[PDB]
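Shown next, in structure tokens, is the structure this report addresses.
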Amino acid sequence: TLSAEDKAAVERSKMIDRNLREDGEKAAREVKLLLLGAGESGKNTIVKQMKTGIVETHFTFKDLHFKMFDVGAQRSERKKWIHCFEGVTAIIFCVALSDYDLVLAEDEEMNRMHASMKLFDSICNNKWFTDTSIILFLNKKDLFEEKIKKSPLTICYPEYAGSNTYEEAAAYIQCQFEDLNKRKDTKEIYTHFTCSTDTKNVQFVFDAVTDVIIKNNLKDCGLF
Amino acid sequence: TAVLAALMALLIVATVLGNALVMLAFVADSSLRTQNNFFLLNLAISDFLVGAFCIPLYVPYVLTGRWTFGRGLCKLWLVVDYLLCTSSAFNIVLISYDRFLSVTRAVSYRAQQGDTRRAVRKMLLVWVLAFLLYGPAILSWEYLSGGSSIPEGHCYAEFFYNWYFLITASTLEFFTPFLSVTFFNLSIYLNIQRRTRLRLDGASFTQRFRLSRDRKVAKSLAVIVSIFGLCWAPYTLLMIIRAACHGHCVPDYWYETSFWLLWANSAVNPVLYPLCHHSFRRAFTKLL
Amino acid sequence: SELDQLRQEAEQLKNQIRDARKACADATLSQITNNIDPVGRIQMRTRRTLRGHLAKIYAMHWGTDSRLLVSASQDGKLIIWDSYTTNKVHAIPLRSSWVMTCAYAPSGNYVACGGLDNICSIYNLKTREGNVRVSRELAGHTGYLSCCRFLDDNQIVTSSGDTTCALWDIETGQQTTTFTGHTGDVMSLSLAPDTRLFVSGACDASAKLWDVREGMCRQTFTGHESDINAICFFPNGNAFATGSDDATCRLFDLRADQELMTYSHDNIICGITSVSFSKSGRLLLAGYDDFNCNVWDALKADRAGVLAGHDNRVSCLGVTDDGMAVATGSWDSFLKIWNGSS
Amino acid sequence: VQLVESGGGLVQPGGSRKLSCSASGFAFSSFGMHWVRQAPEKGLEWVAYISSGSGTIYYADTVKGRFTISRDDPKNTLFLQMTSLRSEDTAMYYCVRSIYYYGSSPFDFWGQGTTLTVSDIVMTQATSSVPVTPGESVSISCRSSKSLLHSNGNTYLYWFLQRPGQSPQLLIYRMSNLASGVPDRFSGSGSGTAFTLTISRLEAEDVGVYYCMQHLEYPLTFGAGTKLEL
Amino acid sequence: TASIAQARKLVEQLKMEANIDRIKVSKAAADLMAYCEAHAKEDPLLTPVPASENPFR
Ligand SMILES: CC(C)CCC[C@@H](C)[C@H]1CC[C@H]2[C@@H]3CC=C4C[C@@H](O)CC[C@]4(C)[C@H]3CC[C@]12C
Ligand SMILES: CC(C)CCC[C@@H](C)[C@H]1CC[C@H]2[C@@H]3CC=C4C[C@@H](O)CC[C@]4(C)[C@H]3CC[C@]12C
Ligand SMILES: CC(C)CCC[C@@H](C)[C@H]1CC[C@H]2[C@@H]3CC=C4C[C@@H](O)CC[C@]4(C)[C@H]3CC[C@]12C
Ligand SMILES: CC(C)CCC[C@@H](C)[C@H]1CC[C@H]2[C@@H]3CC=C4C[C@@H](O)CC[C@]4(C)[C@H]3CC[C@]12C
Ligand SMILES: CC(C)CCC[C@@H](C)[C@H]1CC[C@H]2[C@@H]3CC=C4C[C@@H](O)CC[C@]4(C)[C@H]3CC[C@]12C
Ligand SMILES: NCCc1c[nH]cn1
């Protein structure tokens, strides 16, 4: 019942549908990572190791393509566009361990570590990331070790009964971030200690992403 | 006597509406378009036709003891009954194989998920291969072996007492599928346990929850292998055993008991695969 | 001293405006339209389902021929649909997949889109090469692009999350006029039928009326309790409706300079994403977070009907210029075309 | 946009020849392609069609089974493999691009053509020639055996102009729309089976042969052509 | 002196908005009601057209 040109137009639509599926299949093999964190928290240094608006980074590790998105330039309201990132494979959060005793420049009375905790708590407990795992990077571990000898953790945590060793101090901070998670059953937090000279950070992301993908696959296949 | 009629009617009620909800919830929700969701639909359709066509038509054969629907209609029933049961076993392998690729080829599994063209190709291959296993053999046995040894009033396959054909056909119908399902559901368990071991070493409530979830999957995988084996092995073994002794060594009432086990599997399947699926339960509550 | 005195004068001016609006609030629109008969029950069926987007649809816009429409999704694809046949006319791959808005030029020769990349990209649909190409990228906003609307083939107005709206000269790529005054992210804008004025709704829960040529704010409309997400002019240009996160729609009048009617229900507790009017303006269609589109009686504030055909947020909707059909876009990646039957 | 044909020349009867059409300056894979030939001192005759993506192929009855049309999208080349060539095949073969979507303009660009020499809706243009003077309005009539108005509202009638020494150019597509780059003085009017092309304020460039083509169904057929002379 | 500069602009803007002519709400309500009544018949969504006249059958 279609005319000669109508059949050609229908055939053109089929060609478009074929190309949309190929683009969807190609985009389905990409791992989308949302990169978050405060200023001077090693967020830019992580991108170097991983090799005006949103900044996108592309890298490949062991036949796996990663798309990392930086939204630090967006000074607008977060809640108006944070749902656009619903469905990312994982969220990479960067926290500077050396900023445990430092004070935020803008407020001049708020500790930097507490500022990261508020940012981590809001993102982790956000309604759009209920089932989204978080990869936690604790940067500046070498500088944190030096600051521990001079300044104890009591400045950041008044109610800290632990020792002043590097291992105990670093482990206490890791537990504090993981205690901020309220969706313990639906999401998991992967914590890593990074430095400027570290080269295993990309391996940690690959291992953490593979675990998240497998858990999602088991959920999709009915096992989970 | 009336007790048997009630049980057979109850099996029809459970199988028909049980597998109808899966088909209804498939249409109702537009997000159930993954390859795994189509495979669960294929298993539901195969079992739905068992409770709607095969079981209702076989009731007179039990209550009366003789087939009164004619020889011509008997061949239709035999082809359909063997096709549906075989397709049910092949869908279980297809589902288990799909779950095998979710843990081994995890990256490609997520990418290829949602491609309906891939799903439809695999679904059609299941039905076509199910038909070729018993379809031609049932129809062409009488016309190539000479006469028919089936007495009037009885409706069963021409190879009912054959010994060489039953073991050959059952190997491709139950023996190979059972080992494939056992292997697939064992590799999944090994990967999950191995992956959790590295996670604990690399890294509270989250760790305890993950271990508990793995144990829940371990029981889920064991039931899938056990139920498939429990329903199918007795009848498959009895067919080979009874063929050698021509029914002398096997009690008559044992054959009927094992005959209905396979049809019982078509009612358990809605409970196992679709109900335990995360997405199908959400689509179930939307309808009810 | 000087700062304290000035901010006191602003409070006096605000009271002066509030008293002026109260002086002319002799009657209510509800009282005026009490006598007229209701529209009855509005039943619309899904005539078409547009499939092919593989992610959340964030925006749609009808062309002026009431047959072609453009939709934007965060799969990085702009698709132009033939709504009569469901044929895909074009598929434009976006450089940035984080699109939040799309616009169809009234001439039909151009489409525009943009999102978190802070860029409004203009695409040429009528090229001798037979493909859609980027003709202009409008840079200058320091926040995400929330809405864009063509005035003609050379002018477009954009609203951004940097609290400002801009008027652009497409040929030169420069914003001729900047509209400042919102204290929050501007989420939407609507053009008046004569394209001499436009209203914008921001996250400061206020709607401002802007003069395109003069470039200043003429009037400010308040009354919402949360961020305004959607805005639409009345077909005669003398009123507009807004939709906010407070589960309410309000009808503001330009000449009376105040709210005339509120469209809310006790069952509705979700935010509003999109608003539009029917051709005569008697119906107000609003998209909601609860996966539904509610058709309101504009004059009597009665819920005339419900369009329930999506399994996720209704992110956008639009009514054709001839008024024949309404399209709804959703986060479930589908577009649906609705109209009633006799 | 360019379309260059090659491979034509004098061939023996019953022989084989391969015609090539190289495309540059446009998205070749997005356009369907036609071969149209024109016998010396005769009108246009459609030969073959291959769609975008090579999924659909049509041939005229006079060449079906002997001609093969193919395309090379990466090389942007259109091919016409000819076999068992007869004296009836002596013509200039034109490479024509045509894209099909809502509001598109098929047959908008033609190639220069290559000459080969060998050793159904009826479209009627009864008026073979029309004496004209510059600045005066001229009307050209076309008729069809079947109604070109489809049930979707389109009337699939096309108007072409072939100036002396030049390839045909599209003037009016779907009986009313004006092709890109064509002066507004040309206007197409029609109804059912009778169509008129009106040329207000005729100029020197408008002198040429005018062809009406139907695109209602395959095979596409041309009218005899009406020549305008001063 | 950023706050004092912003204060002058905000006060000046409020002066422009306070000097506009406002019509009665009843007058504005009547105009909206009149426009809806006049264009009611040419609204397909309000009054659905016969299936023969519906492009989206
Ligand atoms: C819904 C539940 C109850 C279904 C249970 C299915 C089984 C357990 C029931 C349903 C049909 C029943 C069979 C009906 C007919 C016969 C043939 C008779 O000569 C021996 C008993 C026997 C073999 C019954 C055994 C039990 C039976 C197979
Ligand atoms: C004896 C047989 C022929 C009776 C009919 C059974 C088969 C043919 C019927 C019964 C249930 C039907 C299915 C019900 C639901 C769907 C989902 C829909 O999205 C595609 C069609 C599909 C998959 C139908 C295909 C045909 C179907 C499988
Ligand atoms: C791929 C699968 C679905 C194809 C299934 C085809 C089936 C349904 C068709 C194809 C061949 C048909 C059979 C052809 C011959 C006979 C013998 C006759 O005395 C009874 C009908 C009967 C038994 C037909 C039953 C239905 C039948 C088996
Ligand atoms: C008794 C005999 C005839 C039963 C035959 C069953 C076969 C023919 C029927 C039953 C289930 C049906 C399938 C159910 C679902 C789908 C998915 C749909 O997107 C394409 C058709 C397809 C693939 C159907 C193909 C035909 C099908 C396989
Ligand atoms: C004569 C034939 C029917 C006997 C063979 C039966 C078994 C071995 C056949 C029948 C159905 C087949 C499956 C059908 C579809 C697929 C999907 C494909 O991507 C992987 C192989 C896989 C999983 C096949 C594995 C082998 C299989 C299970
Ligand atoms: N080959 C399976 C036949 C059967 C057994 N039970 C019911 N039907």
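For chain B, we keep the numbers from Swiss-Prot: what you see runs 34-236, 343-427, in order.
The way this entry was determined, per its header, is electron microscopy, 2.7 Å.
Even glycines carry a Cβ here, placed using N, Cα and C.
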One side of the membrane in Swiss-Prot: B:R66 and B:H387: no
As recorded in Swiss-Prot, which of B:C188, B:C370, B:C384 forms the disulphide with B:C107: B:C188
Distant-in-sequence Cβ neighbours of B:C188 (disulfide bond), under 8 Å, six or more positions away: B:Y94, B:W100, B:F102, B:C107, B:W110, B:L111
Dominant neighbour of the transmembrane segment (B:40-60) in B:157-177, B:360-380, B:396-416, by Cβ pairs under 8 Å: B:396-416
Interval bridged by 106 absent residues [Cα of B:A236 to Cα of B:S343, Å]: 11
Which of B:71-91, B:157-177, B:360-380 contacts the transmembrane segment (B:396-416) most, counting Cβ pairs under 8 Å: B:360-380
DSSP helix/strand/coil residue counts for the topological domain 'Extracellular' (B:381-395): 9 helix, 0 strand, 6 coil
Within the topological domain 'Extracellular' (B:178-196), residues counted as helix, strand or coil by DSSP: 1 helix, 0 strand, 18 coil
